[PDB]
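Trainee: upload11.cif is the file, holding mmCIF, C-alpha atoms and all ligand atoms:
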data_target
loop_
_atom_site.label_atom_id
_atom_site.label_comp_id
_atom_site.auth_asym_id
_atom_site.auth_seq_id
_atom_site.Cartn_x
_atom_site.Cartn_y
_atom_site.Cartn_z
CA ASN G 1 10.08 9.14 -2.13
CA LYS G 2 10.75 11.20 -5.29
CA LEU G 3 7.17 12.49 -5.03
CA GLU G 4 8.64 14.88 -2.42
CA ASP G 5 8.71 17.64 -5.06
CA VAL G 6 4.98 18.25 -4.53
CA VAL G 7 5.49 18.79 -0.78
CA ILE G 8 5.74 22.43 0.31
CA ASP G 9 7.36 23.47 3.60
CA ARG G 10 4.80 24.55 6.23
CA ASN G 11 6.85 27.64 7.22
CA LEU G 12 6.60 29.03 3.67
CA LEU G 13 2.84 29.21 4.17
CA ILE G 14 0.94 31.87 6.05
CA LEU G 15 -2.78 31.19 6.59
CA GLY G 16 -5.44 33.87 6.96
CA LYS G 17 -9.21 34.23 6.60
CA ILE G 18 -11.75 31.53 5.65
CA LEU G 19 -12.97 31.77 2.04
CA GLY G 20 -15.68 29.11 2.35
CA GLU G 21 -16.78 26.07 4.35
CA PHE G 22 -14.35 18.27 2.82
CA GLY G 23 -13.01 20.99 5.10
CA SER G 24 -11.93 24.62 5.13
CA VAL G 25 -10.62 26.74 2.30
CA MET G 26 -8.50 29.70 3.32
CA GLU G 27 -6.65 32.64 1.82
CA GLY G 28 -2.88 32.62 2.31
CA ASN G 29 0.56 33.78 1.21
CA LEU G 30 3.07 31.29 -0.22
CA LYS G 31 6.74 32.32 -0.19
CA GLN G 32 8.28 31.41 -3.53
CA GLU G 33 11.75 30.30 -4.67
CA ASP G 34 11.78 33.76 -6.29
CA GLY G 35 11.85 35.50 -2.90
CA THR G 36 8.39 36.89 -3.67
CA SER G 37 5.12 35.93 -2.01
CA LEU G 38 2.10 34.72 -3.93
CA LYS G 39 -1.56 34.94 -2.92
CA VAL G 40 -2.89 31.40 -2.61
CA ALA G 41 -6.05 29.49 -1.75
CA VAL G 42 -5.63 26.57 0.64
CA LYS G 43 -8.06 23.64 0.74
CA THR G 44 -7.71 21.34 3.75
CA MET G 45 -8.73 17.64 3.74
CA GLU G 46 -2.18 8.26 -0.21
CA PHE G 47 -2.29 11.00 -1.40
CA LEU G 48 0.79 12.78 -2.79
CA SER G 49 1.05 10.88 -6.12
CA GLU G 50 -2.21 12.32 -7.48
CA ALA G 51 -1.15 15.78 -6.29
CA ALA G 52 2.25 15.32 -8.00
CA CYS G 53 0.39 14.28 -11.13
CA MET G 54 -1.88 17.36 -10.89
CA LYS G 55 1.18 19.55 -10.23
CA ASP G 56 2.42 18.67 -13.74
CA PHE G 57 -0.76 19.93 -15.49
CA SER G 58 0.06 23.06 -17.49
CA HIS G 59 -2.75 24.74 -19.44
CA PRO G 60 -4.30 28.27 -19.38
CA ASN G 61 -7.75 26.76 -18.82
CA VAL G 62 -6.74 24.40 -15.98
CA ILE G 63 -5.87 25.62 -12.47
CA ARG G 64 -2.25 24.87 -11.57
CA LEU G 65 -1.63 23.01 -8.31
CA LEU G 66 1.32 24.57 -6.49
CA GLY G 67 1.96 21.80 -4.00
CA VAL G 68 0.77 20.34 -0.71
CA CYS G 69 1.56 20.91 2.97
CA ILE G 70 1.12 18.22 5.64
CA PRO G 71 -0.36 14.64 9.41
CA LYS G 72 -2.74 17.38 8.17
CA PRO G 73 -2.94 17.70 4.34
CA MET G 74 -3.52 21.07 2.64
CA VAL G 75 -3.50 21.78 -1.13
CA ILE G 76 -2.00 25.00 -2.43
CA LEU G 77 -3.70 26.68 -5.39
CA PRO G 78 -3.25 30.16 -6.81
CA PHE G 79 -5.73 32.67 -5.41
CA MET G 80 -8.16 33.97 -8.09
CA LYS G 81 -9.22 37.46 -7.02
CA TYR G 82 -12.17 37.42 -9.47
CA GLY G 83 -13.57 34.27 -7.84
CA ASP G 84 -15.78 31.54 -9.31
CA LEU G 85 -17.80 31.83 -12.57
CA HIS G 86 -21.18 31.06 -10.96
CA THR G 87 -21.05 34.08 -8.62
CA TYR G 88 -19.81 36.28 -11.52
CA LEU G 89 -22.83 35.27 -13.68
CA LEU G 90 -25.28 36.13 -10.86
CA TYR G 91 -23.56 39.43 -9.94
CA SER G 92 -23.82 40.38 -13.63
CA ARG G 93 -27.60 40.55 -13.24
CA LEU G 94 -27.10 43.18 -10.52
CA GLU G 95 -25.92 46.79 -10.47
CA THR G 96 -22.40 47.29 -8.99
CA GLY G 97 -21.56 43.89 -10.51
CA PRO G 98 -20.03 43.21 -13.92
CA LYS G 99 -22.07 44.61 -16.83
CA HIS G 100 -24.55 42.52 -18.85
CA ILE G 101 -22.47 39.67 -20.34
CA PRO G 102 -23.25 39.47 -24.09
CA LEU G 103 -23.72 36.06 -25.75
CA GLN G 104 -20.17 36.19 -27.17
CA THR G 105 -18.49 36.38 -23.75
CA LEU G 106 -20.81 33.59 -22.51
CA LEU G 107 -19.74 31.35 -25.38
CA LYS G 108 -16.09 32.26 -24.75
CA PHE G 109 -16.51 31.08 -21.12
CA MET G 110 -17.76 27.73 -22.48
CA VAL G 111 -14.81 27.46 -24.84
CA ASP G 112 -12.31 28.09 -22.00
CA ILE G 113 -13.89 25.28 -19.89
CA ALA G 114 -14.07 22.90 -22.91
CA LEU G 115 -10.42 23.51 -23.73
CA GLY G 116 -9.65 22.94 -20.03
CA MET G 117 -11.56 19.66 -20.08
CA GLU G 118 -10.07 18.55 -23.44
CA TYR G 119 -6.64 18.84 -21.80
CA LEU G 120 -7.66 16.76 -18.76
CA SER G 121 -9.49 14.20 -20.94
CA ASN G 122 -6.34 13.73 -23.07
CA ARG G 123 -4.47 12.82 -19.88
CA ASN G 124 -7.35 10.52 -18.78
CA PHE G 125 -7.85 12.61 -15.67
CA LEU G 126 -11.49 12.61 -14.54
CA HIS G 127 -12.72 15.91 -13.09
CA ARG G 128 -15.70 14.46 -11.13
CA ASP G 129 -16.96 17.85 -9.84
CA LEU G 130 -17.53 20.15 -12.81
CA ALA G 131 -19.95 23.03 -12.22
CA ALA G 132 -19.93 26.81 -12.77
CA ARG G 133 -18.89 27.16 -9.10
CA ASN G 134 -15.72 25.09 -9.69
CA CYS G 135 -14.72 27.20 -12.70
CA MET G 136 -12.45 30.11 -11.75
CA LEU G 137 -11.78 33.48 -13.36
CA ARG G 138 -8.16 34.49 -14.00
CA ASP G 139 -7.06 38.11 -13.68
CA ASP G 140 -7.40 38.43 -17.48
CA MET G 141 -10.92 36.97 -17.29
CA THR G 142 -10.12 33.68 -18.99
CA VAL G 143 -11.87 30.76 -17.26
CA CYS G 144 -10.06 27.80 -15.78
CA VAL G 145 -11.34 24.49 -14.54
CA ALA G 146 -10.71 23.85 -10.85
CA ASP G 147 -11.57 21.48 -7.96
CA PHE G 148 -10.85 18.33 -9.95
CA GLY G 149 -9.02 15.29 -8.58
CA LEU G 150 -9.71 15.44 -4.82
CA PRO G 151 -24.07 17.63 -6.40
CA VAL G 152 -26.97 15.46 -7.60
CA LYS G 153 -28.03 17.86 -10.40
CA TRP G 154 -24.68 17.78 -12.24
CA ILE G 155 -24.48 13.96 -12.11
CA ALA G 156 -25.05 11.79 -15.20
CA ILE G 157 -27.91 9.20 -15.16
CA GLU G 158 -25.60 6.19 -15.41
CA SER G 159 -23.65 7.56 -12.41
CA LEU G 160 -26.82 8.06 -10.35
CA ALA G 161 -27.95 4.56 -11.39
CA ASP G 162 -24.66 2.78 -10.56
CA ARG G 163 -21.17 3.54 -9.16
CA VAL G 164 -19.87 4.21 -12.71
CA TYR G 165 -18.01 7.45 -13.56
CA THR G 166 -16.23 8.08 -16.91
CA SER G 167 -15.18 11.07 -19.02
CA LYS G 168 -18.69 10.91 -20.52
CA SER G 169 -20.07 11.78 -17.08
CA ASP G 170 -17.79 14.82 -17.05
CA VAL G 171 -19.33 15.59 -20.46
CA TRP G 172 -22.82 15.42 -18.90
CA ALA G 173 -21.63 17.86 -16.20
CA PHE G 174 -20.12 20.22 -18.80
CA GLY G 175 -23.56 20.30 -20.44
CA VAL G 176 -25.20 21.43 -17.21
CA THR G 177 -22.41 23.98 -16.72
CA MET G 178 -23.18 25.35 -20.24
CA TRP G 179 -26.79 25.73 -19.11
CA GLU G 180 -25.65 27.51 -15.90
CA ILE G 181 -23.74 29.97 -18.07
CA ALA G 182 -26.55 30.37 -20.65
CA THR G 183 -29.10 31.08 -17.89
CA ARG G 184 -26.63 33.37 -16.06
CA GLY G 185 -26.63 31.31 -12.84
CA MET G 186 -29.95 29.45 -12.44
CA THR G 187 -29.95 26.29 -10.34
CA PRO G 188 -30.60 23.34 -12.66
CA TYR G 189 -34.11 21.93 -13.02
CA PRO G 190 -36.35 24.45 -11.32
CA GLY G 191 -39.34 22.64 -9.72
CA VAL G 192 -37.52 19.30 -9.50
CA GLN G 193 -36.16 18.26 -6.10
CA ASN G 194 -32.80 16.50 -5.77
CA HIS G 195 -34.38 13.19 -4.67
CA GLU G 196 -36.67 13.04 -7.72
CA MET G 197 -33.82 13.65 -10.19
CA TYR G 198 -33.06 10.02 -11.17
CA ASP G 199 -36.74 9.24 -11.93
CA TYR G 200 -37.04 12.60 -13.74
CA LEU G 201 -34.08 11.79 -16.01
CA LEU G 202 -35.11 8.13 -16.37
CA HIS G 203 -38.37 9.38 -17.90
CA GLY G 204 -36.34 11.18 -20.58
CA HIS G 205 -36.60 14.78 -19.31
CA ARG G 206 -33.61 17.13 -19.55
CA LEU G 207 -32.76 20.77 -18.83
CA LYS G 208 -35.05 22.98 -20.89
CA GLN G 209 -33.70 25.44 -23.43
CA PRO G 210 -33.12 28.87 -21.90
CA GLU G 211 -35.38 31.58 -23.33
CA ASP G 212 -33.19 33.61 -25.73
CA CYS G 213 -30.57 30.96 -26.47
CA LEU G 214 -29.81 29.87 -30.03
CA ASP G 215 -31.05 26.42 -30.97
CA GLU G 216 -27.48 25.74 -32.17
CA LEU G 217 -26.21 26.22 -28.59
CA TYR G 218 -28.97 24.12 -27.04
CA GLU G 219 -28.24 21.33 -29.56
CA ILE G 220 -24.68 21.28 -28.14
CA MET G 221 -25.76 21.24 -24.46
CA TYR G 222 -28.35 18.55 -25.18
CA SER G 223 -25.85 16.21 -26.88
CA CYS G 224 -24.15 16.15 -23.45
CA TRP G 225 -27.12 14.41 -21.76
CA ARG G 226 -27.75 11.48 -24.12
CA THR G 227 -28.79 8.37 -22.15
CA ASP G 228 -26.07 6.13 -23.59
CA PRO G 229 -22.70 7.72 -22.55
CA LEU G 230 -21.17 6.58 -25.87
CA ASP G 231 -23.60 8.84 -27.77
CA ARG G 232 -22.21 11.92 -25.99
CA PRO G 233 -19.37 13.70 -27.84
CA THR G 234 -15.82 14.12 -26.60
CA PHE G 235 -14.60 17.47 -25.22
CA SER G 236 -12.52 17.85 -28.38
CA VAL G 237 -15.76 17.71 -30.41
CA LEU G 238 -17.65 20.06 -28.06
CA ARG G 239 -14.72 22.47 -27.98
CA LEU G 240 -14.68 22.79 -31.80
CA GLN G 241 -18.51 23.06 -31.98
CA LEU G 242 -18.46 26.03 -29.56
CA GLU G 243 -15.51 27.71 -31.35
CA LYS G 244 -17.28 27.56 -34.70
CA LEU G 245 -20.54 28.74 -33.14
CA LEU G 246 -18.77 31.72 -31.52
CA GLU G 247 -16.96 32.36 -34.84
CA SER G 248 -20.29 32.55 -36.71
CA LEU G 249 -21.61 35.35 -34.44
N1 LIG N 1 -8.16 29.27 -6.12
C1 LIG N 1 -9.15 30.00 -5.56
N2 LIG N 1 -9.09 31.35 -5.52
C2 LIG N 1 -10.06 32.11 -4.97
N3 LIG N 1 -11.15 31.58 -4.39
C3 LIG N 1 -11.34 30.24 -4.35
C4 LIG N 1 -10.33 29.35 -4.93
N4 LIG N 1 -10.77 28.09 -4.75
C5 LIG N 1 -11.96 28.17 -4.10
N5 LIG N 1 -12.29 29.45 -3.85
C6 LIG N 1 -13.53 29.93 -3.18
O1 LIG N 1 -13.64 29.49 -1.82
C7 LIG N 1 -15.01 29.20 -1.50
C8 LIG N 1 -15.17 27.77 -0.98
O2 LIG N 1 -14.58 26.83 -1.88
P1 LIG N 1 -15.26 25.40 -2.23
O3 LIG N 1 -15.13 24.50 -1.03
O4 LIG N 1 -14.65 24.98 -3.54
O5 LIG N 1 -16.83 25.75 -2.35
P2 LIG N 1 -17.79 25.40 -3.59
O6 LIG N 1 -17.95 26.69 -4.36
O7 LIG N 1 -19.03 24.77 -3.01
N6 LIG N 1 -17.04 24.22 -4.65
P3 LIG N 1 -17.10 22.49 -4.32
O8 LIG N 1 -17.14 22.34 -2.81
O9 LIG N 1 -15.82 22.01 -4.97
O10 LIG N 1 -18.38 22.02 -5.00
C9 LIG N 1 -15.78 29.39 -2.79
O11 LIG N 1 -16.34 30.69 -2.78
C10 LIG N 1 -14.72 29.30 -3.87
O12 LIG N 1 -15.06 29.98 -5.09
MG MG N 2 -15.39 24.55 -5.30
#
Please lay out the structure from this file as structure tokens.
Mentor:
Amino acid sequence: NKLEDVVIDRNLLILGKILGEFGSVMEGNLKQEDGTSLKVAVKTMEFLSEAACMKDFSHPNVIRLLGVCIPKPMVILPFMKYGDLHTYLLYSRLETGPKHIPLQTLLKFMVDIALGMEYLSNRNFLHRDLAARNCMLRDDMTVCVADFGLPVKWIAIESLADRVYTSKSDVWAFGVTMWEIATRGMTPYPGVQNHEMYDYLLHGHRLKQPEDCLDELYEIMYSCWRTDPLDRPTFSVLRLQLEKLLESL
């Protein structure tokens, strides 16, 4: 019963336009204890205990859950006016978009996500859906991890092979995300269809090194896709590797 804290009153929520189309995600206004209204995003879909757990997460690189409304469940998240990282990367290759993102900003995006994942990993919370599209830009342009908790080409081999999903599978997905950032938005594995992905990986193939990327960066990405999950580093290792790489630039 005490997990009533996470529940938000339906009349404090005003729903507006669709943002994207399991269920709908909408823009909205949440009335706060402050008297003020906050712009929110609202994803429709036990399940309050996990949401209460997620509500307690508090890190600059992890999206904060505001609460839930219900029997129709909706999760309240802060609206991020700058949107997802994937779209940002792609827009940056176009005029009227952001300017050309230099390597340093790209590496800083990877650090933000790795810090975000280090936090979640320390609390044994699996993300299970990490991709550039589920990484959000704050108003200060720091990145935060989103859409965790509740995509074939972000899924580790052992997880395609069996039902298994660990933090090392999240690590695999972080690797692919790093590649998404390095390539400024390419879909993983050009020329490989989704249904041939398990056989492709089983034969030892991985994402190829982007053209002008440092070997040092590719080394880091690659370590994320080692066949044995135990051979993959932790997020705390990755995080420090990317910090020292960025530092050396
Ligand atoms: N907190 C938020 N603030 C602003 N926009 C958001 C937020 N959360 C999601 N969106 C956007 O709403 C749209 C639909 O969301 P979503 O269902 O997460 O689609 P998606 O990008 O395919 N991610 P997923 O379905 O988790 O793989 C996307 O454009 C999101 O970037
Ligand atoms: Mg998403």
Trainee: Using all atoms listed in the file, which residues of the polymer chains come no farther than 10 Å from ligand LIG 1 (chain N)? I'd like the answer as a PyMOL selection string.
Mentor: chain G and resi 18-27+39-44+63-65+76-87+128-138+144+146-148+150-151
Trainee: Taking all atoms listed in the file into account, which of G:145, G:183, G:114, G:47 comes nearest ligand MG 2 (chain N)?
Mentor: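 Result for the nearest residue to ligand MG 2 (chain N): G:145.
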Trainee: Counting all atoms listed in the file, what is within 8 Å of segment 163-175 of chain G, bar same-chain residues fewer than 5 positions away, as a ChimeraX atom specification?
Mentor: /G:114,121,124,126-131,154-156,158,220-225,229-230,232-235
Trainee: Counting only C-alpha atoms and all ligand atoms, figure out which residue out of G:219, G:60, G:149, G:231 gets nearest to ligand MG 2 (chain N).
Mentor: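 Of G:219, G:60, G:149, G:231, the one nearest ligand MG 2 (chain N), counting only C-alpha atoms and all ligand atoms, is G:149.
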Trainee: So which residues touch residue 244 of chain G within 12 Å, counting all atoms listed in the file, skipping near sequence neighbours fewer than 6 positions away, as a PyMOL selection string?
Mentor: chain G and resi 104+107-108+111+216-217+220+237-238
Trainee: Using all atoms listed in the file, can you tell me which of G:153, G:36, G:243, G:202 comes closest to residue 189 of chain G?
Mentor: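 With all atoms listed in the file as the atom set, the closest residue is G:153.
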Trainee: Point out the residue among G:181, G:74, G:38, G:191 with the least atom-to-atom distance to residue 213 of chain G, counting only C-alpha atoms.
Mentor: G:181
Trainee: Using all atoms listed in the file, which of the listed residues (G:32, G:194, G:248, G:49) sits closest to residue 11 of chain G?
Mentor: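 Going through G:32, G:194, G:248, G:49 one by one, the smallest distance to residue 11 of chain G is for G:32.
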Trainee: Find the distance between atom CA of residue 242 of chain G and atom CA of residue 110 of chain G and write it in Å to one decimal.
Mentor: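 Distance between the two atoms: 7.3 Å.
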Trainee: Using the incomplete input, complete segment 137-152 of chain G to the level of N, CA, C and O atoms; output as a compact mmCIF listing (two decimals), keeping the file's coordinate frame.
Mentor:
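File produced: part_26.txt:
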# COMPACT_ATOMS: atom_id res chain seq x y z
N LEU G 137 -12.16 32.41 -12.45
CA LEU G 137 -11.78 33.48 -13.36
C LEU G 137 -10.36 33.99 -13.08
O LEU G 137 -10.04 34.40 -11.96
N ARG G 138 -9.52 33.97 -14.10
CA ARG G 138 -8.16 34.49 -14.00
C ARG G 138 -8.23 36.01 -14.02
O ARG G 138 -9.31 36.58 -14.26
N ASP G 139 -7.10 36.65 -13.76
CA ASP G 139 -7.06 38.11 -13.68
C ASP G 139 -7.32 38.74 -15.05
O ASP G 139 -7.73 39.90 -15.14
N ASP G 140 -7.10 37.98 -16.12
CA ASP G 140 -7.40 38.43 -17.48
C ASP G 140 -8.79 37.99 -17.94
O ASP G 140 -9.17 38.21 -19.10
N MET G 141 -9.54 37.37 -17.03
CA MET G 141 -10.92 36.97 -17.29
C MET G 141 -11.08 35.76 -18.21
O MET G 141 -12.17 35.49 -18.71
N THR G 142 -9.99 35.03 -18.45
CA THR G 142 -10.12 33.68 -18.99
C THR G 142 -10.63 32.76 -17.87
O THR G 142 -10.35 32.98 -16.70
N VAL G 143 -11.38 31.72 -18.24
CA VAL G 143 -11.87 30.76 -17.26
C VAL G 143 -10.94 29.56 -17.20
O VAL G 143 -10.39 29.13 -18.23
N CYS G 144 -10.75 29.05 -15.99
CA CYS G 144 -10.06 27.80 -15.78
C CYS G 144 -10.85 26.85 -14.91
O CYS G 144 -11.56 27.24 -13.96
N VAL G 145 -10.74 25.58 -15.26
CA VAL G 145 -11.34 24.49 -14.54
C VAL G 145 -10.59 24.26 -13.22
O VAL G 145 -9.35 24.31 -13.18
N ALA G 146 -11.33 24.06 -12.14
CA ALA G 146 -10.71 23.85 -10.85
C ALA G 146 -11.42 22.72 -10.09
O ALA G 146 -12.38 22.15 -10.60
N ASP G 147 -10.92 22.41 -8.90
CA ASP G 147 -11.57 21.48 -7.96
C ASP G 147 -11.75 20.06 -8.49
O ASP G 147 -12.60 19.31 -8.02
N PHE G 148 -10.92 19.69 -9.46
CA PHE G 148 -10.85 18.33 -9.95
C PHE G 148 -9.96 17.49 -9.04
O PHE G 148 -9.28 18.03 -8.17
N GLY G 149 -10.00 16.17 -9.21
CA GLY G 149 -9.02 15.29 -8.58
C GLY G 149 -9.27 14.81 -7.17
O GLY G 149 -9.13 13.61 -6.89
N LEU G 150 -9.63 15.73 -6.27
CA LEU G 150 -9.71 15.44 -4.82
C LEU G 150 -8.45 14.74 -4.30
O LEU G 150 -7.34 15.04 -4.75
N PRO G 151 -23.66 16.74 -5.30
CA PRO G 151 -24.07 17.63 -6.40
C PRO G 151 -24.96 16.88 -7.39
O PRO G 151 -24.69 16.89 -8.61
N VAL G 152 -25.99 16.25 -6.85
CA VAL G 152 -26.97 15.46 -7.60
C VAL G 152 -27.28 15.97 -9.02
O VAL G 152 -27.28 15.19 -9.98
